[PDB]
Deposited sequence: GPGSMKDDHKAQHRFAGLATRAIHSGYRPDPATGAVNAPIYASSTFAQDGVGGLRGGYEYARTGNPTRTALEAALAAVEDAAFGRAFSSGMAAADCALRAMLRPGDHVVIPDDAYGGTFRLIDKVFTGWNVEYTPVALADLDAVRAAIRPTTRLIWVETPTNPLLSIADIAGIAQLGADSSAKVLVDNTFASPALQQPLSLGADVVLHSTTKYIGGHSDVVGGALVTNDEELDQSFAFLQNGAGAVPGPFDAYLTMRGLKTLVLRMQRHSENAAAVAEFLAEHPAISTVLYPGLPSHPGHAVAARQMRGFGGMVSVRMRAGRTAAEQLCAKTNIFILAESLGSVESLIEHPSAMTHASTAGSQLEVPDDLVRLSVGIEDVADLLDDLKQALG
């Protein structure tokens, strides 16, 4: 029933042969068959399907209340599979005007070379999103909150627009995670995760996922999953599943720490603007409150005194680690314009003691 219970129990059942409570790590690329009966348990070749990956996919689908899940070697590999499944030459995709840099690079630098067209739009503006839809638009790419601005898109709003013009709607739910948002229950066709971030939760596994309720779409994902082979190894799939078992607990403490950080930096005179979906003054706050169970562990701030203040905050923290990525138990900090306005610093607030995080920020700010 509950999501924490599902993250722990839903996708791997203790083995019949040994009772092993955890999905074993099947470091096998191939599988014995029976000359009369053929495959055992449907397994033939690891790329196509393997037991550990099946467990992961079953858990990923479970926590998004999806019928189907697919796991990939990276969040970008999931995005690549989604783009390639749902677009062809001559098609168009609407994208966010502030999407994840890797997504933008992929679409602008790769897919445009393969005769896919795209228009970025401020997703908060539903009339703007609708105007950006052409006869050739097959796909609407939604991110919410966005990386790094934490801007909000009305998933339900956009799904309606998708339905109205026969465009599919994908929601990249990395930041929010299954613990905070369920885009399928709001109308999305497909949900994408970089499991590298919150689901893994420990900065130790690169991975990705696609989940959906649409069986034809799942089969189209599977075709590219097997065919172009951007698939996770079993130790990594195991680590991902491991992380997922604590996601709900973790995202609660991320969100509580992140509110405390945003409140501190709201009052701190070096900071001009705090970007956090929990704040009533944040644009999109109301939309966030309706579609999110909690407001996430991400906080971005714009520094009063500009780029140089931003660089110096990033270099002076002793708990927040200056590094790319986000969604880890250890707080991370970066300067996105370098690594977006150049005075913006992005904070992935971890699960450390809050008094420590607030003291680290105070001393770093001077």
property	result
Regions left out of the model, expressed as runs of the deposited sequence counted from 1	1-15, 355-365
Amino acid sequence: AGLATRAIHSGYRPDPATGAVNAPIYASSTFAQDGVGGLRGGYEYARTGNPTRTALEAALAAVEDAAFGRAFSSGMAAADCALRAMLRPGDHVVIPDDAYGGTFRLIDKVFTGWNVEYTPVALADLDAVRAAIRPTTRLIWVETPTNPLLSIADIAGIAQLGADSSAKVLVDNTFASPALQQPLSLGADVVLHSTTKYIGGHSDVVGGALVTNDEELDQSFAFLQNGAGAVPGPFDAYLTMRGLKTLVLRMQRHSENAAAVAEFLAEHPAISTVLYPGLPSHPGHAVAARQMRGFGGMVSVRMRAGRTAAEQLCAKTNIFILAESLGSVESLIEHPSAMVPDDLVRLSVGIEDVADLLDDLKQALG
From here on, numbers count along this sequence of modelled residues.
query	finding
Between the two ranges 74-82 and 215-223, the one averaging a larger CA B factor in the entry	215-223
Mean Cα B-factor comparison, 272-280 or 224-232, giving the higher one as deposited	272-280
Maximum C-alpha temperature factor, selected from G11, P24, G350, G19	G11
Residue with maximal Cα B-factor (values as given in the PDB entry) among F295, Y198, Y100, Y238	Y100
Chain third (lowest, middle, highest) by recorded CA B-factor, residue given as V261	middle
Third of the chain's Cα B-factor distribution that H193 belongs to, per the entry	lowest
Chain-wide C-alpha B factor ranking for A132, given as lowest, middle or highest third	highest
Cα B factor band for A61 (lowest, middle or highest third within the chain)	lowest
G243, C-alpha B-factor rank within chain (lowest, middle or highest third)	lowest
